[PDB]
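> pasting the first chains of the complex, positions unchanged:
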Amino acid sequence: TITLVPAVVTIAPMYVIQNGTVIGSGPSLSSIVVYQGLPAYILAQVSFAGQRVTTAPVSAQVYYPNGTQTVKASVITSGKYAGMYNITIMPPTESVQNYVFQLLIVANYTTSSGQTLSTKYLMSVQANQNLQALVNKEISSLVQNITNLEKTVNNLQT
Amino acid sequence: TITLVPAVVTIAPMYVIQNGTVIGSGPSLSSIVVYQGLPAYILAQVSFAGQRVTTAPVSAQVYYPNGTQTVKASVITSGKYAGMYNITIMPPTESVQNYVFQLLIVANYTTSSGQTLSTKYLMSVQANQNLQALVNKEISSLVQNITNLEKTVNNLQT
């Protein structure tokens, strides 16, 4: 005897690849620390009954605090991540603090039993500061003020 | 007739304590926001049934980009952190990139269910840049410049 349970479509963010590096591992996140100005490639598999499905057009509502980006995630057709949908968020660099935006991943799977299932996964993608660029630029302007001051102080010595 | 339902062994990190500071709490975290250069003491409980078991010793093949350090997790029995496996990870002090370094957590639990249940947790660790350091050294180079300059102007005043 084989006792079936209903199957519910899932789109889960399996890896969040940013800087060519797994910053987010597995679906054990629903908020990830992403560092701004680098593209977090959220590889989010879509599986019905744990078996990855190739027909489920993924809309992705990317809720920036300025405009809402609807990126149609490209089905991963190469790599060992193939089958999944690569959701290419690219966060602007708005560094002075953290900023909200919510990636509501919506995989709309068409079941062949006639029960079309829209599954909507909320990951709160926490755009942490990427303060590194702001720092180097501010600091370079300070180095330039210091070298000019050195030069002036040499003229004064002369 | 009393049918005992399957218990499968679970290792979940109950604490990741890093720089003496618990960055990870709950067994709700099999990914964690590690800050580079700081020794993360992954105090991970090993449980069958959801009950703590201290007869499964845990190694950790920690795949740095400078080799694999296979660390046998020592049980710290002190304080409220007692009876957890200390998976000792030592992330690089580099801070030009977020780099993927793996953490193949292997727990081999000899159960009396009839098989030696070996559970593997591949946590692909997010080496997240500890920029604080880079901030402090750059700013210190700047102050060294402020003093040198300040001494020279004062000498000129004299």
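All right, it came through fine. Residues are numbered from 1 along each chain as shown, chains lettered A, B, ... in the order given.
> ok, the residue of chain A at minimum distance from chain B - how many residues close by?
In chain A, the residue that lies nearest chain B is residue A:25 (3.8 Å; CB to the nearest CB). Just so you know, the C-beta spots here come from the backbone N, C-alpha and C atoms, and that holds for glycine as well. Using other CB atoms under 10 Å in any protein chain shown, residue A:25 has 22 neighbouring residues.
> excluding chain neighbours, what is closest to it?
residue B:124 (3.8 Å; CB to CB, 6 or more residues apart in numbering or on different chains).
> pretty sure the residue of chain A closest to chain B sits against residue B:123.
Yes: with contact defined as CB atoms under 8 Å, residue A:25 and residue B:123 form a contacting pair (5.8 Å).
> shared neighbours, those two?
Common neighbours of residue A:25 and residue B:123, counting by CB atoms under 8 Å, 6 or more residues apart in numbering or on different chains, are B:30, B:31.
> pretty sure residue A:66 belongs to a helix, no?
No: looking at residue A:66 with DSSP: H, G, I helix; E, B strand; the rest coil, it is coil, so not inside a helix.
> please tell me how far it sits from residue A:140.
Taking CB to CB, to the nearest Å as the measure, residue A:66 falls 28 Å from residue A:140.
> ok, now which ones touch the residue nearest the centre of chain A?
Nearest residue to the geometric centre of chain A (CA atoms, centre = their mean): residue A:40, 3.6 Å. When contacts are counted by CB under 8 Å, 6+ apart, residue A:40 touches A:16, A:17, A:18, A:23, A:24, A:32, A:34, A:89, A:91, A:125.
> can you slot in chain C too:
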Amino acid sequence: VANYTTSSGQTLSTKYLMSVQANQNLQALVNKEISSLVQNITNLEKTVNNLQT
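Putting chain C together with the chains above:
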């Protein structure tokens, strides 16, 4: 902690051990440090310009 007494005849209390790193606000740090250094520099610039004059 949420202490809830169900009306089914079983009392359930949940405690959630949310142990958190209270991380330094690096943003507010860097901003104040550099602004303060800009003022130390304004005082140095001031001596320089007096020197020149």
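> go back to the contacts of residue A:40, now with chain C?
Residue A:40 touches A:16, A:17, A:18, A:23, A:24, A:32, A:34, A:89, A:91, A:125, counting by CB under 8 Å, 6+ apart.
> and chain A, which residues reach chain C?
Proximity of chain A to chain C, by CB under 8 Å from any CB of the partner chain, involves residues A:95-97, A:129, A:131, A:134-135, A:138-139, A:142, A:145, A:149, A:152-153, A:156.
> so which of those residues is the closest to residue A:83?
residue A:129 (34.0 Å; CB to CB).
> what's the neighbour count on the closest one?
22.
> give me the phi and psi for it.
Main-chain dihedrals, residue A:129, degrees, to the nearest 10: phi -50, psi 140.
> if I look at it, how far off is residue B:60?
31 Å.
> farthest pair within the residues of chain A next to chain C?
Farthest-apart pair in those is A:97 and A:156; separation 41.6 Å (CB to CB).
> thinking again about what came up before, got a ChimeraX select line for the buried ones in the residues of chain A next to chain C?
Of the residues of chain A next to chain C, the buried ones go into a single ChimeraX selection, burial set by 16 or more other CB atoms under 10 Å in any protein chain shown:
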select /A:95,129,131,134,135,138,139,142,149,152,153
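> wait, residue A:18 sits on residue A:34?
Yes: assessed by CB under 8 Å, residue A:18 is found in contact with residue A:34 at 6.0 Å.
> which neighbours do these two have in common?
Joint contacts of residue A:18 and residue A:34 (CB under 8 Å, 6+ apart) are A:24, A:40.
> give me the beta-bridge partners of residue A:47?
residue A:10, residue A:52 (DSSP bridges).
> and it, how close does it get to chain C?
Relative to chain C, residue A:47 is positioned 30 Å away (CB to the nearest CB, to the nearest Å).
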